[PDB]
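Novice: Got a structure for you, written out below as C-alpha cells; questions coming shortly.
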Amino acid sequence: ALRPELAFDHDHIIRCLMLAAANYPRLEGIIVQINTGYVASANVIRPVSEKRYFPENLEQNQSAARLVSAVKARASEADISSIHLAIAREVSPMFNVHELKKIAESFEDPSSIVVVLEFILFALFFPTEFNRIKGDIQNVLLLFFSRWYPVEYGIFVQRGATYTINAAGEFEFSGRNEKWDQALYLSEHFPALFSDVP
Amino acid sequence: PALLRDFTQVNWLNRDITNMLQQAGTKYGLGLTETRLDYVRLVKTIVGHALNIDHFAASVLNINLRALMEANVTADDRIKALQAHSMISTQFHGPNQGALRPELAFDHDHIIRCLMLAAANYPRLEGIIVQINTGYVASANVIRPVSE
Amino acid sequence: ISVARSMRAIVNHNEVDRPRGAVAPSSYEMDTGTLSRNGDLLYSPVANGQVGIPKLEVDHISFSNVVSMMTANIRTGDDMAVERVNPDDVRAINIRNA
Amino acid sequence: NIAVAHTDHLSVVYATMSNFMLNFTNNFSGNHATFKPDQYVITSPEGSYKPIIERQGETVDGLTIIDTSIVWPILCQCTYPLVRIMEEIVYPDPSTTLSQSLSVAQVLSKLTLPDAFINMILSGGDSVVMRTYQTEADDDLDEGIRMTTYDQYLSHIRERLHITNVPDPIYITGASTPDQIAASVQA
Amino acid sequence: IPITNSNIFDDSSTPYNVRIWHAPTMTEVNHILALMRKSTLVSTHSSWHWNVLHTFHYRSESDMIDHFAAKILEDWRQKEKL
Amino acid sequence: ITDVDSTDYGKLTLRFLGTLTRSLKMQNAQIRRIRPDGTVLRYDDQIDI
Amino acid sequence: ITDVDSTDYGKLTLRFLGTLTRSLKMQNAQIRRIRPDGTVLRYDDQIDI
Amino acid sequence: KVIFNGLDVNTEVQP
Amino acid sequence: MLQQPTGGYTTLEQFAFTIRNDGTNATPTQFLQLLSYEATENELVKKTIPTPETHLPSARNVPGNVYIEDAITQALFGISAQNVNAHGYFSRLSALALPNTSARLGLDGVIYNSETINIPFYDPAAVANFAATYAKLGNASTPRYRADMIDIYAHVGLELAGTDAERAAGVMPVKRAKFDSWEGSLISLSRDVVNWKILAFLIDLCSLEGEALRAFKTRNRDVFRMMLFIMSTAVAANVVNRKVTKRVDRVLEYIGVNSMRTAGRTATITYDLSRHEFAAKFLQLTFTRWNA
C-alpha cells in the first residue's frame, strides 16, 4: 500500500548524523534522551524507598562498622533519572569518550573488596559502558592487586600494563608499567588486565 | 607611516614611502599573522598579531609569553603543590584542563635564594613560618587542652 | 640635536618636488618583519636564502612588530577546581617507605 | 532475587533499543580483549579534521563521567515488574520513540544544512581552475596544453580517483613516452 | 636498608646505609648514577649483589673515608693475588 | 533565516574549559576511517559502509 | 616609587618582620657555607645546591 | 550518597 | 611535495643554516673558525654508543597537527623550554614511520595528519627513513629507553673540539672553548640555531646513502658542530668572559663534559633534567646515524 512520501534516505541520514556527531555536542544527549524516555516508558525498573544494602543485624553490628561505612560510601541513593540513564547509555552512541568517576581507594581494609564488586556488577549489568571505562577501572584494580596479590602483581605488570594487537591478531604486551588514560581509549593500546591471556 | 601610503596628500612622502615599501628588504603588515591550534581541542591558542608597536615592547611581551608557553606546565601541575600541603596520601582528582591552561613552573632557585636572603636580613621570618605551621597543627585538631 | 627625528616637513612645496630638508621615515619603522621560532623579532630578509636581521641586533627603531598573544581559549592564572579525597583511616597512612 | 527482572525482561528492552533508528554506532563486540570502536573523521584536503569520537573530558551535558556506584541502587533498592506478585508488563507504543527519532533526524538535517551549504560553496564545487598554454600559432584559446595546479588536483580530482579504485596517475619526468601516458590515462 | 655493625655489642650509630634501587636495565642504572651526582655523600661498588643496583649513603665524610679505605685495602689485597 | 536553533553547533562545551568554538569550515570534506595514530585511511568498501 | 599594597596577609608579614633596616651589604653577595671554625667555604658541587 | 556523573570538586587551587 | 635533490634537502637555499655574526649571516663553519681551545690535563675517551632501541613509541591518537620542528629545536636550543617530555609529542614522528601513511611532514616542521593544500612537505619516503629513527625521541624519558647523559658528551667534544688526529685516536684532552665575543653571544647563537630548519638536516641524514650521504656528512659537518656547540654550552660547567686588551673572549669549560647543571644562568640556555634526557637521546640517535 503506497505511502505518498519520500523514502527514508539511509545514506544521507547516516552522513548527516556523522556530520552532527563531529560538530554538534548536544547530539549525544539528544539520542540518549530518546533511549532514556523509552526505558522510562517500559516501566522496567523503579526505585523503591527502603534500602536493602545489608543483611539483618549486620548494620547495627559494632564489628561490622568499617564494612558498613565502606558500603555506605559506595551506595548512592536511587533516582529514576540516573538509573534510566545508566541503562540507556549502554545503547546510546558515544562521541565524547567516557571517563570513570574516579575512586581513591588504598585497599587496606578487606571491605575494600566492595569497590571491586562495584566494578564487577558494572561489568555485568553494563558490559558496553564498562568496556569504555575499563582501563580507567584497571588503574584502580592495579592498586587492588598490588596490595592484595603483590607477587602475581609483580609478574603481571612485568609482562606489561598494556598490549596491542598485531595484524596477525596476537597480543603484544608493552612490558612497561604505566597508568592508563582515556587518551588511550582511541589508541592502539588495550589495558592488559582484560586480555584474558593466561 | 607605512599606513600613510596613498593617503598622505604630501606627494614626496607618498613617493618615498611607496619606494621603501616596494623594496624587497621591507614589508609592512598589520596582522593577524600566525594562529596556533591545540593538539587535542583543535581550537586556536596563541595567535601572532603584527601590531603597530616599538620592537622593544614587542620583544619583552614575546619573552613573557615565550616563558609562559615553553614551560609546559599546566594548572594540573598545581596538584603537586597541594599534595605537599595535604595530609600524606590525600588524592587529588581532575579536571585535566591540559594545554589550554598554561602556567609558569614554580621557580625553585629564585625562591630558595630569596628565602636565604630574607632569613639573613629578617630573622623574624622564623616566626612567620612557625606561625603557619602552628595554624596547621591547630587546624589538624591533633591535640586539645582539657579541664581534667 | 635632532636625534629623535623620524620625519620632517610633511608639506608640499609649489615650486619643487620635495622641500629641502624634508625627511622620510626609515624603512625599518615599516618592516613588520616576522616572529622567529625563538620569539625574537626579525626584519624581513634583504634577499632570498638569508635569515632576517634581528631587530634587537641593530640600532634602528621599528614600529611594526609581531607580538604573539593568547586568545580567549588559553587562560592563565585562573583558580582551578579539584576533588580532594582524604585518607580513609589515619592509622593506615604510610609515613615511611622510600 | 532480581536476576529474572534483568535477564527475562530488561534484556528485551535492550534488544529493542538496539534496533532504534538513532542508535547507529556499534558500541561493543562483547570481547573486552579485542574490541575497539570504529573511528571516523570528517576530513578535507583543505585541512579540516573533525573526529566523530574524541576525548574532550567532562562536558556540560553530564554524560561523560560514569558513577559506577549506580549498580548498588539497581541491586539493592529497585523494584521490578517481575519482582514482584503479578504486575502487567508494559509494551510501549513504537510510535512515540519512532516519531521522535524521525523528528530528530529532520532537525539534524535542517541544522547541518546551512554548514553543508556554505561549505559546498566555499569548496568551489565540482570544477577546477585550468590554464591552457598554447603550443602552436593559430591556436584557439580552447586549444593548447591543459594544466592545473596541484592544489586543485588535491581538492577535486584526487579523492575521486581514490574512490573509483584506480591507480594514482603517473608522474611525468623528461623521459616519458606518449605510450606510457596513454597507459596511465586508460588505467 | 640500615647496616648494623658486624660486632653486635657495638650498639652505636651506623656509618652509612645501603639503598637498593629499582634498576634493572643498564639504562636505568646509568640514570640513577647520574642522579646520585646531585645527592651528597653517596658511593657505589663497581658491581652489585643480586644484580641489583645499590648505593651507600654516609652520615659524614669521615664514615665515607673509613669505608673507602677498608675497600681500597680489600681491592689492593685482591689485586695482589690476581 | 530557516528557524534552526544552531546554538552550540561547532563548539566544545567543556565543564572547566568553558565553551570553545572550532572552525565550521570543511569544504570538500569526506567521512573517513582513521588509523589509531590519528592519520586518515583511504576509503575501503570492504570495511567502510 | 614601586611600592604596591600587598594582600592583607602580606601586610601582616611585613608588619611582623619589623623595620626594614637592611644593614647587610648586598653588593656581589653570594650564599656560601661557613665552617663552624668561621671560615667561608668555596661553593662545592657534591654538597651545596 | 547521591549519584553524580561528574567530577565532584571541593578544593580550589590558587595559581 | 618538495622532491629531495640528489644531494640533501640541505643543498636547497631554502634551508641555509646561518648564525648572525659581525653584522652578517655567517655560515656556521666560519663561526667555528673563531673557536679556539685550551687543553686541560683531563681526558675524554669515546666509548661505543649503545644501539638505539628498536621500539618506536606509539603515536597517540592526536587530532591536531603537531609542530615537531619547534618542539625539537626548543628542547635542544630553546632559552625557556622546560618539561619537554611531559607533553610527549615527539612520539608523533612515529606516525610518519608507516609505509603509505596519510601523514605529511611539512617544510613548516608541522606533522599534518593528512596531506593538505598549499602546504609544501618532504617526500614521504625520506621522512619515513627519518622517523624510523627519530620517533625514538618519543621515548627519551621512559626509563627503559633513557640514553646515557654522561658518556655521550665525549663524542660531542670529539666532533667539536677534536683535531683530526684526536678524532682518529678516539681520545682527546678535555678542552676549553673560547672565541672573541659580542654581548649576549651564546644566547644569540642559540636563538639563531633554534630558528634553523634542522628537520632538513636530519631527514637528509637518515634518507641519504652512499656517496650522497658521505658528501652530506662533509658538507654539513659544521652545521652539526654548531648544534653540538649550543648543546655543549647548555651543559658547560661554567661560561666565563676574559678581558683581552679591549676585547672580550667568551670561554666555556668544558667541551665534552656534561656537568648535569640544571640551575639557570644568564649566559646560556639551560637543560632541566628532562632537557638532558632529551639531548642525550638525540645525541645517541644522531651520532648513531652519523657513523656508518
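Residues are named by chain letter and number: chains run A, B, ... in the order of the C-alpha cells, numbers start at 1 in each chain, and ligands are numbered from 1 in the order shown.
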Please report, as a ChimeraX atom specification, each residue of segment 62-269 of chain I to which DSSP assigns helix (DSSP H, G or I) when run on this structure's backbone.

Specialist: /I:68-77,89-96,124-139,143-145,152-160,164-169,185-194,198-207,211-219,221-235

Novice: Generate the output file for the selected residues, C-alpha atoms, as an mmCIF file, in the first residue's frame.

Specialist:
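Result saved to result22.cif:
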data_model
loop_
_atom_site.group_PDB
_atom_site.id
_atom_site.type_symbol
_atom_site.label_atom_id
_atom_site.label_comp_id
_atom_site.auth_asym_id
_atom_site.auth_seq_id
_atom_site.Cartn_x
_atom_site.Cartn_y
_atom_site.Cartn_z
ATOM 1 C CA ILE I 68 57.564 18.902 15.684
ATOM 2 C CA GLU I 69 60.474 21.015 14.471
ATOM 3 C CA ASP I 70 59.635 23.648 17.049
ATOM 4 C CA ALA I 71 59.492 21.104 19.827
ATOM 5 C CA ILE I 72 62.809 19.542 18.909
ATOM 6 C CA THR I 73 64.708 22.770 18.422
ATOM 7 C CA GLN I 74 63.261 24.326 21.540
ATOM 8 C CA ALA I 75 64.178 21.233 23.526
ATOM 9 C CA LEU I 76 67.779 21.360 22.264
ATOM 10 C CA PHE I 77 68.287 25.081 21.940
ATOM 11 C CA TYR I 89 54.534 14.849 21.317
ATOM 12 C CA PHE I 90 57.806 13.512 19.870
ATOM 13 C CA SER I 91 56.153 10.104 19.634
ATOM 14 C CA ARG I 92 54.204 11.696 16.806
ATOM 15 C CA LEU I 93 57.147 11.211 14.479
ATOM 16 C CA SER I 94 56.195 7.531 14.507
ATOM 17 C CA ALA I 95 53.038 8.372 12.583
ATOM 18 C CA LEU I 96 55.317 9.194 9.643
ATOM 19 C CA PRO I 124 57.212 10.711 2.456
ATOM 20 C CA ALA I 125 59.868 8.016 1.825
ATOM 21 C CA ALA I 126 62.698 10.188 3.117
ATOM 22 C CA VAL I 127 60.522 11.252 6.027
ATOM 23 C CA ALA I 128 59.860 7.589 6.718
ATOM 24 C CA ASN I 129 63.567 6.874 6.898
ATOM 25 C CA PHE I 130 63.877 9.862 9.203
ATOM 26 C CA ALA I 131 61.013 8.995 11.534
ATOM 27 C CA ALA I 132 62.057 5.367 11.693
ATOM 28 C CA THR I 133 64.891 6.602 13.881
ATOM 29 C CA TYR I 134 63.837 9.966 15.307
ATOM 30 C CA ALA I 135 60.459 8.827 16.634
ATOM 31 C CA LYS I 136 62.610 7.355 19.400
ATOM 32 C CA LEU I 137 62.858 10.868 20.795
ATOM 33 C CA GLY I 138 59.371 9.927 21.886
ATOM 34 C CA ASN I 139 60.826 7.599 24.478
ATOM 35 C CA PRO I 143 63.157 4.690 31.933
ATOM 36 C CA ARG I 144 63.934 1.609 29.846
ATOM 37 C CA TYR I 145 64.987 3.736 26.894
ATOM 38 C CA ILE I 152 77.780 10.523 25.081
ATOM 39 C CA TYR I 153 79.147 14.026 25.524
ATOM 40 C CA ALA I 154 82.617 12.721 24.817
ATOM 41 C CA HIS I 155 81.520 12.242 21.209
ATOM 42 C CA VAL I 156 80.202 15.788 21.231
ATOM 43 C CA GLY I 157 83.598 17.027 22.270
ATOM 44 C CA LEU I 158 85.332 14.812 19.770
ATOM 45 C CA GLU I 159 83.207 16.073 16.914
ATOM 46 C CA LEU I 160 83.510 19.661 18.056
ATOM 47 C CA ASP I 164 91.632 15.069 13.005
ATOM 48 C CA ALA I 165 94.371 13.175 14.864
ATOM 49 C CA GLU I 166 92.478 13.289 18.173
ATOM 50 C CA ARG I 167 89.380 12.059 16.348
ATOM 51 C CA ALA I 168 91.224 9.153 14.781
ATOM 52 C CA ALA I 169 92.653 8.317 18.212
ATOM 53 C CA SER I 185 76.750 35.964 22.193
ATOM 54 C CA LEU I 186 75.776 32.472 23.300
ATOM 55 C CA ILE I 187 72.128 33.391 23.715
ATOM 56 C CA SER I 188 72.060 34.895 20.241
ATOM 57 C CA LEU I 189 73.874 31.866 18.814
ATOM 58 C CA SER I 190 71.322 29.628 20.438
ATOM 59 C CA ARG I 191 68.431 31.646 19.016
ATOM 60 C CA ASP I 192 69.981 31.757 15.593
ATOM 61 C CA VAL I 193 70.165 27.960 15.837
ATOM 62 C CA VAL I 194 66.678 27.387 17.248
ATOM 63 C CA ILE I 198 67.028 21.173 11.259
ATOM 64 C CA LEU I 199 64.446 18.702 10.021
ATOM 65 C CA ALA I 200 66.060 19.123 6.612
ATOM 66 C CA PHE I 201 69.360 18.159 8.145
ATOM 67 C CA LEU I 202 68.021 15.097 9.993
ATOM 68 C CA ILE I 203 65.889 13.962 7.057
ATOM 69 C CA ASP I 204 68.873 14.108 4.738
ATOM 70 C CA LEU I 205 70.974 12.400 7.408
ATOM 71 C CA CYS I 206 68.553 9.485 7.585
ATOM 72 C CA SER I 207 67.464 9.220 3.948
ATOM 73 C CA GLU I 211 78.312 8.865 -1.884
ATOM 74 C CA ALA I 212 75.415 11.271 -1.331
ATOM 75 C CA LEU I 213 75.365 10.650 2.403
ATOM 76 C CA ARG I 214 79.131 10.985 2.673
ATOM 77 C CA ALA I 215 79.179 14.232 0.717
ATOM 78 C CA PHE I 216 76.381 15.354 3.018
ATOM 79 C CA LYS I 217 78.391 14.458 6.102
ATOM 80 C CA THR I 218 81.290 16.588 4.933
ATOM 81 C CA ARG I 219 79.274 19.492 3.537
ATOM 82 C CA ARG I 221 79.764 18.777 9.439
ATOM 83 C CA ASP I 222 79.958 22.325 10.721
ATOM 84 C CA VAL I 223 76.162 22.611 10.955
ATOM 85 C CA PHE I 224 76.130 19.557 13.165
ATOM 86 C CA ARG I 225 79.029 21.009 15.092
ATOM 87 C CA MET I 226 77.106 24.219 15.709
ATOM 88 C CA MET I 227 74.230 22.256 17.172
ATOM 89 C CA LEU I 228 76.833 20.457 19.263
ATOM 90 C CA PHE I 229 78.214 23.804 20.361
ATOM 91 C CA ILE I 230 74.871 25.204 21.518
ATOM 92 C CA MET I 231 74.192 21.927 23.299
ATOM 93 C CA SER I 232 77.593 21.869 24.941
ATOM 94 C CA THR I 233 77.195 25.435 26.183
ATOM 95 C CA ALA I 234 73.941 24.239 27.690
ATOM 96 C CA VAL I 235 75.933 21.655 29.623
#

Novice: Considering only C-alpha atoms, give me a table of residues in chain D that are at most 8 Å from chain B, with the closest atom pair and distance in Å for each, as CSV.

Specialist:
residue,atom,partner,partner_atom,distance
D:55,CA,B:40,CA,7.9
D:56,CA,B:41,CA,6.8
D:57,CA,B:96,CA,7.5
D:58,CA,B:95,CA,7.6

Novice: What does the file look like for those residues with N, CA, C and O atoms, as a tab-separated table (two decimals), in the first residue's frame?

Specialist:
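So the final result, stored in out-v9.tsv, reads:
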chain	number	residue	atom	x	y	z
D	55	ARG	N	38.14	12.82	22.68
D	55	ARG	CA	38.21	12.87	24.13
D	55	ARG	C	38.40	14.31	24.57
D	55	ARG	O	39.51	14.84	24.52
D	56	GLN	N	37.32	14.95	24.99
D	56	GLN	CA	37.42	16.33	25.46
D	56	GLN	C	37.25	16.47	26.97
D	56	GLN	O	37.36	17.58	27.50
D	57	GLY	N	37.02	15.36	27.65
D	57	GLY	CA	36.84	15.39	29.09
D	57	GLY	C	35.44	15.85	29.49
D	57	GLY	O	34.56	15.97	28.64
D	58	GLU	N	35.26	16.14	30.78
D	58	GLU	CA	33.94	16.39	31.33
D	58	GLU	C	33.27	17.53	30.58
D	58	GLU	O	33.90	18.55	30.31

Novice: One decimal, in Å: what's the spacing between atom CA of residue 15 of chain G and atom CA of residue 141 of chain B?

Specialist: 28.3 Å

Novice: Which residues come within 7 Å of segment 37-42 of chain D, counting only C-alpha atoms, excluding same-chain residues fewer than 6 positions away, as number ranges by chain?

Specialist: A: 19; D: 27, 49-53; F: 29-34

Novice: For each of B:8, B:131, B:121, B:74, take the minimum atom-to-atom distance to chain G, counting only C-alpha atoms, then give the residue where this is smallest.

Specialist: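 Of all the options, B:121 lies closest to chain G.
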
Novice: Can you show chain G as a PDB file with N, CA and C atoms, in the first residue's frame once it has been least-squares superposed onto chain F, using every C-alpha atom paired in order?

Specialist:
ATOM      1  N   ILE G   1      22.926  35.088  10.750  1.00  0.00           N
ATOM      2  CA  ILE G   1      21.580  35.317  10.241  1.00  0.00           C
ATOM      3  C   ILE G   1      20.637  34.252  10.764  1.00  0.00           C
ATOM      4  N   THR G   2      21.102  33.015  10.705  1.00  0.00           N
ATOM      5  CA  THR G   2      20.251  31.866  10.940  1.00  0.00           C
ATOM      6  C   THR G   2      20.443  31.215  12.307  1.00  0.00           C
ATOM      7  N   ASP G   3      21.186  31.867  13.195  1.00  0.00           N
ATOM      8  CA  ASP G   3      21.269  31.379  14.566  1.00  0.00           C
ATOM      9  C   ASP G   3      19.897  31.481  15.231  1.00  0.00           C
ATOM     10  N   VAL G   4      19.534  30.434  15.961  1.00  0.00           N
ATOM     11  CA  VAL G   4      18.283  30.395  16.698  1.00  0.00           C
ATOM     12  C   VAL G   4      18.614  29.843  18.072  1.00  0.00           C
ATOM     13  N   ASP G   5      18.085  30.475  19.117  1.00  0.00           N
ATOM     14  CA  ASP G   5      18.388  30.062  20.483  1.00  0.00           C
ATOM     15  C   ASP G   5      17.938  28.625  20.735  1.00  0.00           C
ATOM     16  N   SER G   6      18.828  27.841  21.337  1.00  0.00           N
ATOM     17  CA  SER G   6      18.612  26.411  21.522  1.00  0.00           C
ATOM     18  C   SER G   6      17.809  26.131  22.780  1.00  0.00           C
ATOM     19  N   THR G   7      17.398  24.877  22.945  1.00  0.00           N
ATOM     20  CA  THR G   7      16.847  24.425  24.213  1.00  0.00           C
ATOM     21  C   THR G   7      17.962  24.601  25.232  1.00  0.00           C
ATOM     22  N   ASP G   8      17.605  24.835  26.492  1.00  0.00           N
ATOM     23  CA  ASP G   8      18.586  25.268  27.487  1.00  0.00           C
ATOM     24  C   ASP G   8      19.738  24.267  27.640  1.00  0.00           C
ATOM     25  N   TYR G   9      19.436  22.986  27.439  1.00  0.00           N
ATOM     26  CA  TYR G   9      20.485  21.978  27.454  1.00  0.00           C
ATOM     27  C   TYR G   9      21.485  22.197  26.313  1.00  0.00           C
ATOM     28  N   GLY G  10      20.980  22.610  25.157  1.00  0.00           N
ATOM     29  CA  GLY G  10      21.839  22.854  24.016  1.00  0.00           C
ATOM     30  C   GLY G  10      22.731  24.065  24.216  1.00  0.00           C
ATOM     31  N   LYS G  11      22.198  25.095  24.864  1.00  0.00           N
ATOM     32  CA  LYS G  11      23.003  26.260  25.208  1.00  0.00           C
ATOM     33  C   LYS G  11      24.102  25.845  26.177  1.00  0.00           C
ATOM     34  N   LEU G  12      23.773  24.923  27.084  1.00  0.00           N
ATOM     35  CA  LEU G  12      24.782  24.403  28.005  1.00  0.00           C
ATOM     36  C   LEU G  12      25.867  23.640  27.260  1.00  0.00           C
ATOM     37  N   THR G  13      25.487  22.944  26.192  1.00  0.00           N
ATOM     38  CA  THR G  13      26.481  22.168  25.460  1.00  0.00           C
ATOM     39  C   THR G  13      27.392  23.055  24.631  1.00  0.00           C
ATOM     40  N   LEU G  14      26.816  24.040  23.959  1.00  0.00           N
ATOM     41  CA  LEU G  14      27.631  24.942  23.163  1.00  0.00           C
ATOM     42  C   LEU G  14      28.538  25.721  24.097  1.00  0.00           C
ATOM     43  N   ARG G  15      28.043  26.003  25.294  1.00  0.00           N
ATOM     44  CA  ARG G  15      28.861  26.718  26.251  1.00  0.00           C
ATOM     45  C   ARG G  15      30.025  25.827  26.644  1.00  0.00           C
ATOM     46  N   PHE G  16      29.743  24.540  26.838  1.00  0.00           N
ATOM     47  CA  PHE G  16      30.781  23.588  27.229  1.00  0.00           C
ATOM     48  C   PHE G  16      31.817  23.301  26.148  1.00  0.00           C
ATOM     49  N   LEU G  17      31.405  23.387  24.890  1.00  0.00           N
ATOM     50  CA  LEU G  17      32.269  23.017  23.775  1.00  0.00           C
ATOM     51  C   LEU G  17      33.364  24.045  23.545  1.00  0.00           C
ATOM     52  N   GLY G  18      33.199  25.221  24.139  1.00  0.00           N
ATOM     53  CA  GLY G  18      34.179  26.280  23.997  1.00  0.00           C
ATOM     54  C   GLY G  18      33.999  27.015  22.684  1.00  0.00           C
ATOM     55  N   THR G  19      34.895  27.960  22.416  1.00  0.00           N
ATOM     56  CA  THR G  19      34.776  28.818  21.246  1.00  0.00           C
ATOM     57  C   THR G  19      34.813  27.983  19.979  1.00  0.00           C
ATOM     58  N   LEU G  20      33.979  28.354  19.017  1.00  0.00           N
ATOM     59  CA  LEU G  20      33.875  27.615  17.769  1.00  0.00           C
ATOM     60  C   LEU G  20      34.954  28.083  16.802  1.00  0.00           C
ATOM     61  N   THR G  21      36.203  27.739  17.101  1.00  0.00           N
ATOM     62  CA  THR G  21      37.330  28.192  16.294  1.00  0.00           C
ATOM     63  C   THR G  21      37.312  27.604  14.882  1.00  0.00           C
ATOM     64  N   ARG G  22      37.032  26.304  14.788  1.00  0.00           N
ATOM     65  CA  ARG G  22      36.924  25.607  13.504  1.00  0.00           C
ATOM     66  C   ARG G  22      38.106  25.816  12.556  1.00  0.00           C
ATOM     67  N   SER G  23      39.306  25.544  13.050  1.00  0.00           N
ATOM     68  CA  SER G  23      40.514  25.662  12.244  1.00  0.00           C
ATOM     69  C   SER G  23      40.542  24.662  11.087  1.00  0.00           C
ATOM     70  N   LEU G  24      39.827  23.549  11.243  1.00  0.00           N
ATOM     71  CA  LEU G  24      39.812  22.490  10.235  1.00  0.00           C
ATOM     72  C   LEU G  24      39.239  22.969   8.910  1.00  0.00           C
ATOM     73  N   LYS G  25      39.936  22.648   7.823  1.00  0.00           N
ATOM     74  CA  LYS G  25      39.505  23.005   6.475  1.00  0.00           C
ATOM     75  C   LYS G  25      38.510  21.964   5.975  1.00  0.00           C
ATOM     76  N   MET G  26      37.235  22.329   5.930  1.00  0.00           N
ATOM     77  CA  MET G  26      36.181  21.357   5.674  1.00  0.00           C
ATOM     78  C   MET G  26      35.849  21.147   4.201  1.00  0.00           C
ATOM     79  N   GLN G  27      36.554  21.841   3.319  1.00  0.00           N
ATOM     80  CA  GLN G  27      36.272  21.715   1.900  1.00  0.00           C
ATOM     81  C   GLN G  27      36.539  20.282   1.446  1.00  0.00           C
ATOM     82  N   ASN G  28      35.581  19.699   0.726  1.00  0.00           N
ATOM     83  CA  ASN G  28      35.661  18.313   0.239  1.00  0.00           C
ATOM     84  C   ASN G  28      36.029  17.263   1.278  1.00  0.00           C
ATOM     85  N   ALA G  29      35.865  17.588   2.554  1.00  0.00           N
ATOM     86  CA  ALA G  29      36.308  16.702   3.623  1.00  0.00           C
ATOM     87  C   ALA G  29      35.528  15.398   3.624  1.00  0.00           C
ATOM     88  N   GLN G  30      36.228  14.305   3.893  1.00  0.00           N
ATOM     89  CA  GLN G  30      35.624  12.986   4.007  1.00  0.00           C
ATOM     90  C   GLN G  30      36.025  12.379   5.341  1.00  0.00           C
ATOM     91  N   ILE G  31      35.443  11.240   5.686  1.00  0.00           N
ATOM     92  CA  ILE G  31      35.886  10.533   6.881  1.00  0.00           C
ATOM     93  C   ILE G  31      36.595   9.265   6.483  1.00  0.00           C
ATOM     94  N   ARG G  32      37.847   9.143   6.893  1.00  0.00           N
ATOM     95  CA  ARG G  32      38.649   8.023   6.451  1.00  0.00           C
ATOM     96  C   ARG G  32      39.473   7.500   7.613  1.00  0.00           C
ATOM     97  N   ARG G  33      39.757   6.206   7.633  1.00  0.00           N
ATOM     98  CA  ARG G  33      40.718   5.699   8.603  1.00  0.00           C
ATOM     99  C   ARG G  33      42.134   6.104   8.220  1.00  0.00           C
ATOM    100  N   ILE G  34      42.973   6.343   9.219  1.00  0.00           N
ATOM    101  CA  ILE G  34      44.404   6.424   8.983  1.00  0.00           C
ATOM    102  C   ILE G  34      45.066   5.189   9.546  1.00  0.00           C
ATOM    103  N   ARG G  35      46.176   4.796   8.936  1.00  0.00           N
ATOM    104  CA  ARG G  35      47.048   3.813   9.540  1.00  0.00           C
ATOM    105  C   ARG G  35      47.723   4.486  10.723  1.00  0.00           C
ATOM    106  N   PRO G  36      48.057   3.704  11.758  1.00  0.00           N
ATOM    107  CA  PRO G  36      48.838   4.216  12.890  1.00  0.00           C
ATOM    108  C   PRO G  36      50.180   4.745  12.382  1.00  0.00           C
ATOM    109  N   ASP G  37      50.636   4.189  11.263  1.00  0.00           N
ATOM    110  CA  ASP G  37      51.808   4.689  10.552  1.00  0.00           C
ATOM    111  C   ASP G  37      51.604   6.121  10.028  1.00  0.00           C
ATOM    112  N   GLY G  38      50.357   6.586  10.012  1.00  0.00           N
ATOM    113  CA  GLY G  38      50.044   7.964   9.658  1.00  0.00           C
ATOM    114  C   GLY G  38      49.441   8.209   8.284  1.00  0.00           C
ATOM    115  N   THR G  39      49.519   7.219   7.399  1.00  0.00           N
ATOM    116  CA  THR G  39      48.917   7.328   6.072  1.00  0.00           C
ATOM    117  C   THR G  39      47.390   7.231   6.112  1.00  0.00           C
ATOM    118  N   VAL G  40      46.717   8.004   5.263  1.00  0.00           N
ATOM    119  CA  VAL G  40      45.256   7.964   5.174  1.00  0.00           C
ATOM    120  C   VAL G  40      44.785   6.873   4.223  1.00  0.00           C
ATOM    121  N   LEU G  41      44.044   5.907   4.750  1.00  0.00           N
ATOM    122  CA  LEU G  41      43.533   4.799   3.949  1.00  0.00           C
ATOM    123  C   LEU G  41      42.363   5.187   3.057  1.00  0.00           C
ATOM    124  N   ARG G  42      42.280   4.559   1.887  1.00  0.00           N
ATOM    125  CA  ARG G  42      41.111   4.709   1.027  1.00  0.00           C
ATOM    126  C   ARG G  42      39.935   4.066   1.730  1.00  0.00           C
ATOM    127  N   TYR G  43      38.728   4.537   1.442  1.00  0.00           N
ATOM    128  CA  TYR G  43      37.551   3.938   2.055  1.00  0.00           C
ATOM    129  C   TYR G  43      37.489   2.483   1.639  1.00  0.00           C
ATOM    130  N   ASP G  44      37.158   1.609   2.577  1.00  0.00           N
ATOM    131  CA  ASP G  44      37.122   0.200   2.248  1.00  0.00           C
ATOM    132  C   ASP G  44      35.825  -0.420   2.698  1.00  0.00           C
ATOM    133  N   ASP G  45      35.042  -0.870   1.724  1.00  0.00           N
ATOM    134  CA  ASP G  45      33.941  -1.772   1.990  1.00  0.00           C
ATOM    135  C   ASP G  45      34.594  -3.008   2.590  1.00  0.00           C
ATOM    136  N   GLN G  46      33.867  -3.686   3.473  1.00  0.00           N
ATOM    137  CA  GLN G  46      34.379  -4.792   4.296  1.00  0.00           C
ATOM    138  C   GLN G  46      35.141  -4.320   5.523  1.00  0.00           C
ATOM    139  N   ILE G  47      35.117  -3.017   5.789  1.00  0.00           N
ATOM    140  CA  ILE G  47      35.662  -2.512   7.047  1.00  0.00           C
ATOM    141  C   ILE G  47      35.093  -1.156   7.495  1.00  0.00           C
ATOM    142  N   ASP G  48      35.192  -0.130   6.659  1.00  0.00           N
ATOM    143  CA  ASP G  48      34.579   1.157   6.993  1.00  0.00           C
ATOM    144  C   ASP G  48      33.065   1.100   6.732  1.00  0.00           C
ATOM    145  N   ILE G  49      32.268   1.844   7.501  1.00  0.00           N
ATOM    146  CA  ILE G  49      30.806   1.847   7.317  1.00  0.00           C
ATOM    147  C   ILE G  49      30.340   2.680   6.116  1.00  0.00           C
TER     148      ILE G  49
END

Novice: Could you list the residues in chain H lying within 10 Å of chain D, using only C-alpha atoms, and format the result as a PyMOL selection string?

Specialist: chain H and resi 1-7

Novice: Go ahead and save the picked residues with C-alpha atoms, as a short mmCIF file (atom, residue, chain, number, x, y, z; two decimals), in the first residue's frame.

Specialist:
data_model
loop_
_atom_site.label_atom_id
_atom_site.label_comp_id
_atom_site.auth_asym_id
_atom_site.auth_seq_id
_atom_site.Cartn_x
_atom_site.Cartn_y
_atom_site.Cartn_z
CA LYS H 1 25.37 9.01 48.77
CA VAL H 2 23.51 10.55 45.82
CA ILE H 3 24.60 9.51 42.30
CA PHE H 4 26.62 12.13 40.45
CA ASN H 5 28.06 11.63 36.99
CA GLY H 6 30.64 14.39 37.17
CA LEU H 7 33.86 15.29 38.93
#
